[PDB]
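Peer 1: If it helps, the file is called query.cif and holds mmCIF, C-alpha atoms:
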```
data_model
loop_
_atom_site.label_atom_id
_atom_site.label_comp_id
_atom_site.auth_asym_id
_atom_site.auth_seq_id
_atom_site.Cartn_x
_atom_site.Cartn_y
_atom_site.Cartn_z
CA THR A 536 0.00 0.00 0.00
CA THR A 537 2.96 2.35 0.54
CA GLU A 538 4.33 1.50 -2.92
CA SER A 539 0.88 2.14 -4.40
CA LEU A 540 0.51 5.40 -2.45
CA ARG A 541 3.86 6.61 -3.83
CA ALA A 542 2.68 6.10 -7.42
CA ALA A 543 -0.72 7.60 -6.55
CA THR A 544 0.82 10.79 -5.16
CA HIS A 545 3.17 10.87 -8.16
CA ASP A 546 0.16 10.72 -10.50
CA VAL A 547 -1.64 13.42 -8.48
CA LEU A 548 1.41 15.72 -8.65
CA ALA A 549 1.82 14.97 -12.37
CA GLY A 550 -1.85 15.74 -13.06
CA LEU A 551 -1.62 19.19 -11.46
CA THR A 552 0.49 22.21 -12.40
CA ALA A 553 4.24 21.51 -12.50
CA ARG A 554 5.18 24.46 -10.28
CA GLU A 555 2.47 23.39 -7.82
CA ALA A 556 4.08 19.94 -7.92
CA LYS A 557 7.53 21.39 -7.20
CA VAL A 558 6.16 23.45 -4.29
CA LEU A 559 4.34 20.42 -2.82
CA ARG A 560 7.49 18.29 -3.22
CA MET A 561 10.03 20.72 -1.76
CA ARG A 562 7.63 21.90 0.97
CA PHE A 563 6.95 18.75 3.00
CA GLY A 564 10.07 16.84 1.92
CA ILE A 565 8.70 14.77 -0.97
CA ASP A 566 11.59 13.55 -3.19
CA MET A 567 14.05 15.45 -0.93
CA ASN A 568 16.21 14.72 2.09
CA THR A 569 15.25 17.61 4.41
CA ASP A 570 11.99 19.56 4.68
CA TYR A 571 12.69 23.23 4.03
CA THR A 572 11.13 25.87 6.27
CA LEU A 573 9.23 28.93 5.06
CA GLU A 574 12.30 31.20 5.26
CA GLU A 575 14.39 28.69 3.29
CA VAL A 576 11.71 28.43 0.58
CA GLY A 577 11.62 32.24 0.64
CA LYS A 578 15.37 32.39 0.08
CA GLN A 579 15.22 29.79 -2.72
CA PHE A 580 12.14 30.58 -4.83
CA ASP A 581 10.80 34.08 -4.14
CA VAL A 582 10.88 36.72 -1.40
CA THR A 583 7.10 36.93 -0.89
CA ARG A 584 6.01 34.38 1.71
CA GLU A 585 2.29 35.17 1.92
CA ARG A 586 1.85 34.20 -1.74
CA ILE A 587 3.34 30.80 -0.84
CA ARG A 588 0.57 30.39 1.76
CA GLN A 589 -1.97 31.45 -0.88
CA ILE A 590 -0.54 28.79 -3.22
CA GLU A 591 -0.86 26.23 -0.40
CA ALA A 592 -4.48 27.24 0.26
CA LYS A 593 -5.29 27.04 -3.46
CA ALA A 594 -3.65 23.60 -3.64
CA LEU A 595 -5.70 22.40 -0.66
CA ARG A 596 -8.86 23.78 -2.30
CA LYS A 597 -8.00 21.94 -5.53
CA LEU A 598 -7.23 18.72 -3.63
CA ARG A 599 -10.43 18.69 -1.54
CA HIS A 600 -12.34 17.65 -4.68
CA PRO A 601 -13.51 14.00 -4.58
CA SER A 602 -13.05 13.36 -8.32
CA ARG A 603 -9.29 13.90 -8.03
CA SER A 604 -9.00 11.94 -4.75
CA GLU A 605 -11.43 9.03 -5.29
CA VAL A 606 -8.47 6.64 -5.39
CA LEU A 607 -7.16 8.31 -2.20
CA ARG A 608 -10.41 7.99 -0.22
CA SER A 609 -9.68 4.26 0.16
CA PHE A 610 -6.30 5.13 1.74
CA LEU A 611 -7.99 7.29 4.40
CA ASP A 612 -8.54 4.41 6.84
CA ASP A 613 -4.80 3.67 7.04
CA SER B 353 -6.19 -31.75 6.19
CA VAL B 354 -7.79 -35.19 6.51
CA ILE B 355 -7.89 -37.23 3.27
CA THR B 356 -11.38 -38.24 2.13
CA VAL B 357 -12.41 -41.11 -0.14
CA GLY B 358 -13.95 -40.06 -3.41
CA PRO B 359 -13.04 -40.99 -6.99
CA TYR B 360 -15.32 -38.24 -8.31
CA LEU B 361 -12.99 -37.18 -11.13
CA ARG B 362 -10.46 -38.11 -13.78
CA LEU B 363 -6.98 -39.20 -12.64
CA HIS B 364 -5.34 -35.78 -13.13
CA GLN B 365 -7.32 -34.12 -10.30
CA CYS B 366 -7.81 -34.99 -6.63
CA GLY B 367 -10.40 -33.10 -4.59
CA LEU B 368 -8.90 -29.98 -3.00
CA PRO B 369 -11.36 -28.22 -0.64
CA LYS B 370 -12.94 -24.78 -0.82
CA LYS B 371 -11.66 -22.69 2.12
CA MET B 372 -8.02 -23.76 1.70
CA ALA B 373 -8.25 -22.78 -1.98
CA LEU B 374 -9.68 -19.42 -0.87
CA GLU B 375 -6.89 -18.88 1.67
CA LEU B 376 -3.88 -20.03 -0.37
CA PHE B 377 -4.82 -18.42 -3.72
CA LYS B 378 -5.55 -15.06 -2.04
CA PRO B 379 -2.67 -12.83 -3.41
CA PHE B 380 -3.48 -14.29 -6.83
CA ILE B 381 -7.05 -12.98 -6.53
CA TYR B 382 -5.63 -9.68 -5.49
CA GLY B 383 -3.37 -9.55 -8.54
CA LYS B 384 -5.81 -10.75 -11.19
CA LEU B 385 -8.59 -8.62 -9.65
CA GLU B 386 -6.76 -5.28 -9.43
CA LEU B 387 -5.70 -5.48 -13.09
CA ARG B 388 -9.18 -6.06 -14.55
CA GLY B 389 -10.61 -3.02 -12.76
CA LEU B 390 -13.24 -4.30 -10.31
CA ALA B 391 -11.59 -2.42 -7.41
CA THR B 392 -9.82 0.90 -6.94
CA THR B 393 -6.95 -0.01 -4.58
CA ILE B 394 -5.72 -3.17 -2.89
CA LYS B 395 -6.82 -1.83 0.51
CA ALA B 396 -10.38 -1.89 -0.81
CA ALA B 397 -9.64 -5.35 -2.22
CA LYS B 398 -8.93 -6.44 1.38
CA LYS B 399 -12.53 -5.62 2.30
CA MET B 400 -13.85 -7.04 -0.97
CA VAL B 401 -12.13 -10.37 -0.26
CA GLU B 402 -13.22 -10.64 3.37
#
```
Have the structure of the file written as structure tokens, please.

Peer 2:
Amino acid sequence: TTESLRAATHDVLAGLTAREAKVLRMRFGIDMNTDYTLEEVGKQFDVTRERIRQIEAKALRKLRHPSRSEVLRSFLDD
Amino acid sequence: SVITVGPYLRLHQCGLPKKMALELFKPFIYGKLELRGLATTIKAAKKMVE
């Protein structure tokens, strides 16, 4: 189920916008070693840090839809 | 399990029971069930096989 969840999250990040995928990977430590903080993401990508939170809120609003997470609703019990 | 007398068949088969065939061919009926598309994930296939 972990190996299937990896491919499922890879397909979800590939189905969305590529820059959204890079933010969601380098934010929580997906496909990286360390999880970068908000100041480190601000030093890497762009100075504005409130727009990063707006991007995160927009990504959560796009990922609350059941049609894009119907294969992930079965993984909710784990 | 306990052997049981019955010819019942041709010589190339010998009477394997039902529940042991359900238990021992269980990852096979995950693998040939997830490919054909009667389930979303294998975690749902857990519930669909119990």

Peer 1: List the residues selected by the PyMOL selection byres ((chain A) within 12 of (chain B)) in the file shown, writing them as a short mmCIF file (atom, residue, chain, number, x, y, z; two decimals) with C-alpha atoms, in the frame of the given file.

Peer 2:
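Wrote expr12.cif, looks like this:
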```
data_model
loop_
_atom_site.label_atom_id
_atom_site.label_comp_id
_atom_site.auth_asym_id
_atom_site.auth_seq_id
_atom_site.Cartn_x
_atom_site.Cartn_y
_atom_site.Cartn_z
CA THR A 536 0.00 0.00 0.00
CA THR A 537 2.96 2.35 0.54
CA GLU A 538 4.33 1.50 -2.92
CA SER A 539 0.88 2.14 -4.40
CA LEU A 540 0.51 5.40 -2.45
CA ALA A 542 2.68 6.10 -7.42
CA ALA A 543 -0.72 7.60 -6.55
CA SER A 604 -9.00 11.94 -4.75
CA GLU A 605 -11.43 9.03 -5.29
CA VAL A 606 -8.47 6.64 -5.39
CA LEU A 607 -7.16 8.31 -2.20
CA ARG A 608 -10.41 7.99 -0.22
CA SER A 609 -9.68 4.26 0.16
CA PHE A 610 -6.30 5.13 1.74
CA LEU A 611 -7.99 7.29 4.40
CA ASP A 612 -8.54 4.41 6.84
CA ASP A 613 -4.80 3.67 7.04
#
```

Peer 1: How many Å separate CA of residue 587 (chain A) from CA of residue 549 (chain A)?

Peer 2: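 Answer for the CA of residue 587 (chain A) to CA of residue 549 (chain A) separation: 19.6 Å.
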
Peer 1: Got a sec: who's within 9 Å of residue 571 (chain A), counting only C-alpha atoms, leaving out chain neighbours fewer than 5 positions off, as a PyMOL selection string?

Peer 2: chain A and resi 561-564+576

Peer 1: What separation in Å, quoted to one decimal, exists between CA of residue 603 (chain A) and CA of residue 383 (chain B)?

Peer 2: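 One can read the CA of residue 603 (chain A) to CA of residue 383 (chain B) distance as 24.2 Å.
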
Peer 1: Between CA of residue 544 (chain A) and CA of residue 574 (chain A), what is the distance, to one decimal in Å?

Peer 2: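 Computing it gives 25.6 Å between the two atoms.
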
Peer 1: With the PyMOL selection byres ((chain B and resi 381) around 12) as the selection, what would be picked from this file? Answer as an NGL selection string, please.

Peer 2: :B and (373-380 or 382-388 or 390-391 or 394 or 397-398 or 400-402)

Peer 1: When you count all atoms listed in the file, which of these residues is closest to residue 586 (chain A): A:553, A:565, A:558, A:547?

Peer 2: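 Result for the nearest residue to residue 586 (chain A): A:558.
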
Peer 1: Give me the residues near residue 584 (chain A) as number ranges by chain, where near means some atom within 12 Å (using only C-alpha atoms) and where sequence neighbours in that chain fewer than 5 positions away do not count.

Peer 2: A: 572-579, 589-591

Peer 1: For this structure, which residues satisfy the selection - the PyMOL selection byres ((chain A and resi 594) around 12) - when it is evaluated on the file as given? I want them as a list in words.

Peer 2: residues 547, 548, 551, 552, 554, 555, 556, 557, 558, 559, 587, 588, 589, 590, 591, 592, 593, 595, 596, 597, 598, 599 and 600 of chain A

Peer 1: Working from the structure I just supplied, which lacks atoms in region 576-600 of chain A, can you model N, CA, C and O atoms there and output them as a compact mmCIF listing (two decimals), in the frame of the given file?

Peer 2:
```txt
# COMPACT_ATOMS: atom_id res chain seq x y z
N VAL A 576 12.44 28.35 1.84
CA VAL A 576 11.71 28.43 0.58
C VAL A 576 11.66 29.88 0.09
O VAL A 576 11.74 30.15 -1.12
N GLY A 577 11.57 30.83 1.02
CA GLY A 577 11.62 32.24 0.64
C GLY A 577 12.96 32.68 0.10
O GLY A 577 13.03 33.53 -0.79
N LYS A 578 14.05 32.10 0.62
CA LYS A 578 15.37 32.39 0.08
C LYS A 578 15.60 31.69 -1.26
O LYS A 578 16.32 32.22 -2.11
N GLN A 579 15.01 30.51 -1.46
CA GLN A 579 15.22 29.79 -2.72
C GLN A 579 14.35 30.35 -3.85
O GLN A 579 14.87 30.85 -4.85
N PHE A 580 13.03 30.28 -3.70
CA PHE A 580 12.14 30.58 -4.83
C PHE A 580 11.88 32.08 -4.99
O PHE A 580 12.27 32.68 -6.00
N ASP A 581 11.24 32.70 -4.00
CA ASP A 581 10.80 34.08 -4.14
C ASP A 581 10.64 34.68 -2.75
O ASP A 581 10.32 33.97 -1.79
N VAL A 582 10.85 36.00 -2.67
CA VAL A 582 10.88 36.72 -1.40
C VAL A 582 9.52 36.73 -0.71
O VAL A 582 9.44 36.61 0.52
N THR A 583 8.43 36.86 -1.47
CA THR A 583 7.10 36.93 -0.89
C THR A 583 6.68 35.59 -0.30
O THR A 583 6.71 34.56 -0.98
N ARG A 584 6.30 35.60 0.98
CA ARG A 584 6.01 34.38 1.71
C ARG A 584 4.51 34.20 1.94
O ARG A 584 4.06 33.09 2.26
N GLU A 585 3.74 35.27 1.79
CA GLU A 585 2.29 35.17 1.92
C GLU A 585 1.66 34.58 0.66
O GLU A 585 0.64 33.88 0.74
N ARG A 586 2.28 34.83 -0.50
CA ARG A 586 1.85 34.20 -1.74
C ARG A 586 2.09 32.70 -1.72
O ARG A 586 1.34 31.96 -2.36
N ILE A 587 3.11 32.23 -0.99
CA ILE A 587 3.34 30.80 -0.84
C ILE A 587 2.20 30.17 -0.04
O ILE A 587 1.72 29.07 -0.36
N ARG A 588 1.72 30.87 1.00
CA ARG A 588 0.57 30.39 1.76
C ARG A 588 -0.71 30.43 0.93
O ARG A 588 -1.58 29.57 1.08
N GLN A 589 -0.83 31.42 0.03
CA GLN A 589 -1.97 31.45 -0.88
C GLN A 589 -1.93 30.30 -1.88
O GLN A 589 -2.97 29.71 -2.21
N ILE A 590 -0.72 29.95 -2.35
CA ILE A 590 -0.54 28.79 -3.22
C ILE A 590 -0.89 27.50 -2.48
O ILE A 590 -1.54 26.60 -3.04
N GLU A 591 -0.51 27.40 -1.20
CA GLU A 591 -0.86 26.23 -0.40
C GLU A 591 -2.37 26.12 -0.17
O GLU A 591 -2.93 25.02 -0.24
N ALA A 592 -3.03 27.25 0.08
CA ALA A 592 -4.48 27.24 0.26
C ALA A 592 -5.21 26.89 -1.03
O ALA A 592 -6.21 26.15 -1.02
N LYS A 593 -4.70 27.38 -2.17
CA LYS A 593 -5.29 27.04 -3.46
C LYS A 593 -5.07 25.57 -3.80
O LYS A 593 -5.95 24.91 -4.37
N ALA A 594 -3.91 25.02 -3.42
CA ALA A 594 -3.65 23.60 -3.64
C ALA A 594 -4.54 22.72 -2.77
O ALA A 594 -5.02 21.68 -3.22
N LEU A 595 -4.78 23.14 -1.52
CA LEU A 595 -5.70 22.40 -0.66
C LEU A 595 -7.13 22.48 -1.18
O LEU A 595 -7.87 21.48 -1.13
N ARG A 596 -7.53 23.64 -1.71
CA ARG A 596 -8.86 23.78 -2.30
C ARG A 596 -9.01 22.93 -3.56
O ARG A 596 -10.09 22.38 -3.81
N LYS A 597 -7.95 22.81 -4.35
CA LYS A 597 -8.00 21.94 -5.53
C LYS A 597 -7.92 20.46 -5.18
O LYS A 597 -8.37 19.63 -5.96
N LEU A 598 -7.34 20.11 -4.03
CA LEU A 598 -7.23 18.72 -3.63
C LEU A 598 -8.33 18.26 -2.67
O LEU A 598 -8.35 17.08 -2.31
N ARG A 599 -9.24 19.14 -2.26
CA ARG A 599 -10.43 18.69 -1.54
C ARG A 599 -11.51 18.12 -2.45
O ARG A 599 -12.54 17.66 -1.94
N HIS A 600 -11.32 18.15 -3.76
CA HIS A 600 -12.34 17.65 -4.68
C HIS A 600 -12.34 16.13 -4.71
O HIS A 600 -11.26 15.53 -4.80
```
